[PDB]
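Residue numbers (the authors' numbering), protein chains in the order written: chain EEE, 1 to 82, 82A to 82C, 83 to 98, 101 to 111; chain DDD, 2 to 82, 82A to 82C, 83 to 98, 101 to 112; chain AAA, 1 to 219; chain BBB, 1 to 219; chain CCC, 1 to 222; chain CCC', 1 to 222; chain III, 1 to 165. A prime marks a further copy of an entry chain.
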Amino acid sequence: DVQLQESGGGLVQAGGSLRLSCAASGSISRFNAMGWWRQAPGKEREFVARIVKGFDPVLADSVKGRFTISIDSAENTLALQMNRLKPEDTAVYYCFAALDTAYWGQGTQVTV
Amino acid sequence: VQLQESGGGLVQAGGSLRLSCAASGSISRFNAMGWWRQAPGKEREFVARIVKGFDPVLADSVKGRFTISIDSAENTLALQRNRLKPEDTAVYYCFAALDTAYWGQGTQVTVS
Amino acid sequence: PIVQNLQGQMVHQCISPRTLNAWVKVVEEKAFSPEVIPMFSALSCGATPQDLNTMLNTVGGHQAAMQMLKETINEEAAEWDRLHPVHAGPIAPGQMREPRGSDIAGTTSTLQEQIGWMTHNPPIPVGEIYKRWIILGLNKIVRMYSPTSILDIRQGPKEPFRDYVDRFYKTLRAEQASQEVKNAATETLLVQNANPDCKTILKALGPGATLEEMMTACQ
Amino acid sequence: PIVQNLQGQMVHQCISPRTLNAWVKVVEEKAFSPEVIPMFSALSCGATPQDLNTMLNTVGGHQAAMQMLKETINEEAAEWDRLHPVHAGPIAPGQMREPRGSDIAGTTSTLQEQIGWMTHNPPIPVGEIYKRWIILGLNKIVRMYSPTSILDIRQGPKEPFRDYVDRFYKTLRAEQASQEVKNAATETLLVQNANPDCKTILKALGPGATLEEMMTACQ
Amino acid sequence: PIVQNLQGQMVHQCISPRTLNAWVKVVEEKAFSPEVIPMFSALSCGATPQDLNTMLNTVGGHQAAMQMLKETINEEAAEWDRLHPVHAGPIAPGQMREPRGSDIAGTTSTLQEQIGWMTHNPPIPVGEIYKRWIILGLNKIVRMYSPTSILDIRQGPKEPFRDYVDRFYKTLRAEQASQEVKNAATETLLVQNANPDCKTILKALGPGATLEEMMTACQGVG
Amino acid sequence: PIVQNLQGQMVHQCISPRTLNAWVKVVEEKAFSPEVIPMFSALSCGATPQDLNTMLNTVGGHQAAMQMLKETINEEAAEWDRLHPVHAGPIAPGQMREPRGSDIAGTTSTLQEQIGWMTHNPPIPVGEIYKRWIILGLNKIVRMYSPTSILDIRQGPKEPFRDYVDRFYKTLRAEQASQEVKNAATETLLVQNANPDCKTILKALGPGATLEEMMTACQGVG
Amino acid sequence: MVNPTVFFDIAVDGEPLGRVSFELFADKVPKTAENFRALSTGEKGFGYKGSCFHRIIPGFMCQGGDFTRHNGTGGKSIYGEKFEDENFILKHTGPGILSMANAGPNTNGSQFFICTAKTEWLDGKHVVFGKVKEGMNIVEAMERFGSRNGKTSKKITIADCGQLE
């Protein structure tokens, strides 16, 4: 089975930086698509980042100037580097990977 | 799937009225719908037609004065009778066409 | 046939092997279905009377129809001679003779004479006149070979309305080779010969019906 | 059709046996699938009104569609006459007359009249105008003959996503060809009609996904 | 063949691969059925004598007919020489020699000589004359190879009237005869050799029935 | 297309029935196998934007690929407009307007405008540019539709070595990659994925064996 | 019911040339007039002062107003570029007509052309929103720094703009 678990979220001051990372079992090159969504209490699940195999990374406009998404196949992790964090960015962030069906992590809380 | 006519009653000359026909299921599923009437003595006369994808056609003795519309939400055929005359007095039956002709039960309409 | 070449002048060209085979084959495969009359007219573009006779003579079967066609051509030739009799006299050096009915049909005319008439100023279009006579004859043959009278085309209970209507206008097309009123019989027999469940639907449509609206209704 | 020669001059040339057979054949094999409309337009390049009528008349089956097409042409002819009525008067030596709706459709005009309009300076393109009306009519027929509503295209549980998308856009294409309008509906129903597990993948992909990204994701 | 060119001049052109293959195939499929003679004339439009000989020589089978055809050509060649003997003498620089029967048939003439005669002013159409002889020969072969006499053409019991009439006039075409014969024969054998179900109908139509009326009348027998 | 004419002038010619039918058939028979891209380029020699759109539009199936292809064209059209924006202004009598991305793709331009750009001096080759975008799009489709990764291409036990090698480089072609990749990959997977009877022979040949030598060496396994 | 006036002071390589007054026909095209007025006054924070005439074609027109790319590429409206063809009722009847430039239907921005001849082939394609009132002689003077291809031999700059009273 494919298992994912995020970590690295927490409470930080404004303007800081953070790298959330989602660890996946097996090799990440086996996945046909991976990405990041977030949902805050009272806020609807919002799409953050996506990386599809062979394609460039796509990021949402609300994070586009400030966030970056990268993949390290060496560490089998999906990284979302978020600089200049804002309070409106406060939410729980989830990773997903697509093989056969869609799999999701449990999420990590981000509080600015 | 059942059919039910409805919407008839009593109006004065020069008035306006809208007849409506209830169908089981959704009326937008039918390939054609329309209106007929039969008056005492006079032969059954065709009143209104709406064909799917086409503009509505109404019979010529009424064509310039009446308007017909359909809401699949209410399962009704809304023949709007404008510039009403005494000659519209008849029992009216509506029909809707789906690759089996279907008829309503009729309504007596008297304008004076 | 007679065609325009790269200079403005009109010159004769051999009938092509492609055209000859195409005509022979369409007759073998489609016989005298009504659409063959268009095909003949297009394949005989620019044809001399000789070329038209070549196309008809290369047909191997259907010799009953061909003999019927000859009768129609002979009938048309006599009417030509009656309305345009030939003015008799000695022919002036470098002037052409007047074409008779038999000259238009390519029976008594030479290729050079046919070319002379077709390229004269004003042109005497013996090729176009003969093609008209042939088409009048072919129309009668198509009608004779219509397999069904319109009155017997009736929709089966399991036949899609579209398939019945396809059959209906094909039969109508074969009778009188189209080119008729095409309206009185339609407002009548198409509904009466429809299937029972469809007939009720068509009757319910009311006055005025497009072909498009009725076929949608009966879908 | 009308082509230019080596002098550049625009001259009439007979419709070729290859084009006629190609059109008859494409109709026989593809019927009124949406893709036939491109083919007709290319095969009728430079066609006179006479040639377009020839191509349509050589079709043997589908006479219901052909009759619908005649109705559409006649409707377009009346609006042409209403928006561009014919100015009446004696024709001046070397002046040509004004085309009516029926002249554009090739029913009451001669080839010479058709050539005159198409080769005038400025040209009156009766061939291109008639082709517009015919293509408008053919578009209506493809929609009528579309066998399935796009709402009934649902991905099978074991159907590869690529094969489902092919079926989806084929149906959309028949519904009066591709457009930008077909894109508002596309970003919605393609996902809603996908199978369970793939729908989850497509939803997780987010908004603005390209076909390449979605098709890769569900592979 | 000899063709018009883009300018007015008459020039030689090689026989095309499409025509040659077409001729070989029509012979393979139709043999010497009467309709082959018109096809030959159309496929040989503008042919030189060389081209006509090529077309005939590429036929592989039917060598009895081909040898019989050669005999007919030789008979016509001899008659040509008798009616148009060759004037003997020294040839003047740049003048053409006179074609003999054998020159018209392409046996003793070169392509250049054949082109010379056909492009002269006035033209001596050795190609058209030879085609006449070949067609005369083919007519004899089609008649010999007609498989059935009209006297033996009788309508089958389940045969549609159209098909019997089709067979009747096809046989008449191979038999060729004349137009008087074709119209006397129809007024006679077509009714008597008809089937009895059709015969009763045709007899009931009365005198002066058109061919068209009988075929319509008899469309019920099936 | 635009062709040379008999004189020097460049004139428009209708797309031929032979080419259209040929394109439809190659798609039906070969779908989006890599060799279809060269055929498209040759069949579309001299094409106007209108002609290229006709060729693509006459394809009936593979509508997923066709819709994906439309997306790639639109991406390239937007980049064209960004690098070659249209200079706005009133148009001078007898001067051409500037083509936009959408004009090059034949969506908002007329045939006469397309001919005007292509026949200008200097010529603005809107046809050649559009063909570039279409070929870029087709390349992506062939790669997506490659059915097997080279990693999954392994020689069958009874498979002739030539056929395994044929399959190997066909897959590489769809995968396209590069020449460095094609030569690194051969030095690796072709030997390891070979059959064991062939593998022993290939191993025994030693280092530096040419592709030619291995195929000759392995012609015995059958 | 309103027909305001706007004035431009033109300079050539920094040397003053003259002042051109034009009246804008706001009674027929207020939306198109209002854009030009606000772009001419700079009241929105941007406008024509300092912009160049990028195409001057003698016997045709003088064009300028591209203050975002300075070369004829893109002009901007007070609405974000994007504004519509207001109407085509007015006709290009002669010298002094002021009309908007447009790459295509409904692609009007901040670029204008001043006709120096009657230009009937533009009728129905470009939108007439004003006319020269005084100083046509200065517009004619601008023509002398132009060429057939629109290239200017000297830099033509709009030194000032505003509303005339």
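All residues carry an ideal CB built from backbone N, CA and C; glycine is no exception.
- The three-state reading of DSSP puts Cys198/BBB in helix, counting H, G and I together.
- Nearest to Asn195/CCC' by C-alpha distance, out of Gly222/CCC', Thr216/CCC' and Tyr169/CCC', is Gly222/CCC'.
- Here DSSP, grouped into helix, strand and coil, assigns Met136/III to helix.
- When Cβ-Cβ separations below 8 Å define contact, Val165/CCC makes contact with chain AAA.
- Pairing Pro99/AAA with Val142/AAA gives a Cβ-Cβ distance that is not under 8 Å.
- By alpha-carbon distance to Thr108/CCC', the top candidate from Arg82/CCC', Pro49/CCC', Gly60/CCC' and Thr72/CCC' is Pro49/CCC'.
- In chain order, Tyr169 and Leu211 make up the part of chain AAA whose C-beta sits under 7 Å from the C-beta of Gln67/BBB.
- For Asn53/AAA, no beta strand (DSSP E) encloses it; the enclosing alpha helix (DSSP H) starts and ends at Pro49 to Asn57.
- In the displayed model, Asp123/III falls within coil according to three-state DSSP, outside both helix and strand.
- Not flagged as an interface residue toward chain BBB: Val12/EEE, since no C-beta distance is shorter than 8 Å.
- By the Cβ-count criterion, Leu4/EEE is buried, with 16 or more other Cβ atoms from all chains shown falling within 10 Å of its own Cβ.
- Contacts with chain III at 8 Å (Cβ-Cβ) do not include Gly101/CCC'.
- Counting along the chain, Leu18/EEE sits inside the beta strand (DSSP E) bounded by residues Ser17 to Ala24.
- Taking C-beta atoms as the reference points, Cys14/CCC' and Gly46/BBB count as a pair closer than 8 Å.
- Runs of alpha helix (DSSP H) with 4 or more residues, each lying fully within the stretch 150 to 216 of chain CCC', are found at 161 to 175, 179 to 185 and 196 to 205, listed in chain order.
- Nearest in C-alpha terms to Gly26/DDD, of all of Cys92/DDD, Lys64/DDD and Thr77/DDD, is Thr77/DDD.
- The C-beta of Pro17/AAA comes closer than 8 Å to at least one C-beta of chain CCC.
- Residue-level contact by beta carbon fails for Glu175/CCC and chain AAA, as no gap is shorter than 8 Å.
- Remark: C-beta atoms of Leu52/CCC' and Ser41/CCC' do not approach each other more closely than 8 Å.
- When rounded, the separation of the alpha-carbon atoms in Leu138/CCC' and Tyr130/CCC' is 12 Å.
- For the 8 Å CB-CB criterion, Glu212/AAA and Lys140/BBB form a contact.
- Near chain BBB, meaning a CB-to-CB distance below 9 Å, the residues of the stretch 54 to 65 of chain CCC' are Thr54, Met55, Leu56, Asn57, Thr58, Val59, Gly60, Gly61, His62, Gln63, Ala64 and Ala65.
- Contact annotation: the stretch 61 to 79 of chain III touches the stretch 106 to 123 of chain III, with at least three C-beta pairs closer than 8 Å.
- The Cβ of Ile201/AAA sits closer than 8 Å to at least one Cβ of chain DDD.
- Per DSSP, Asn108/III is one residue of the beta strand (DSSP E) stretching across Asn108 to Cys115.
- Contact annotation: the stretch 173 to 192 of chain CCC does not touch the stretch 178 to 189 of chain AAA, with fewer than three C-beta pairs closer than 8 Å.
- With a cut-off of 8 Å on Cβ pairs, the stretch 11 to 27 of chain DDD is in contact with the stretch 90 to 97 of chain DDD, counting three or more such pairs.
- For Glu29/AAA, the uninterrupted alpha helix (DSSP H) run begins and ends at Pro17 to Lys30, by DSSP.
- Contact of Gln219/AAA with chain DDD is assigned, a C-beta pair being separated by under 8 Å.
- In the three-state reduction of the DSSP assignment, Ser70/EEE falls in the strand class.
- Boundaries of the beta strand (DSSP E) harbouring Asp9/III: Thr5 to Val12, taken from the DSSP string.
- At a cut-off of 8 Å, the C-beta of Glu180/BBB has no neighbouring C-beta in chain CCC'.
- Taken in chain order, the stretch 44 to 112 of chain III contains no complete alpha helix (DSSP H) segment of 4 residues or longer.
- Residue pairing by DSSP leaves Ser112/DDD without any beta bridge partner.
- Ranked by Cα distance from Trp80/AAA, the options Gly101/AAA, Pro93/AAA and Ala88/AAA are led by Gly101/AAA.
- If you look at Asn139/CCC', you'll find it in the alpha helix (DSSP H) that goes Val126 to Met144.
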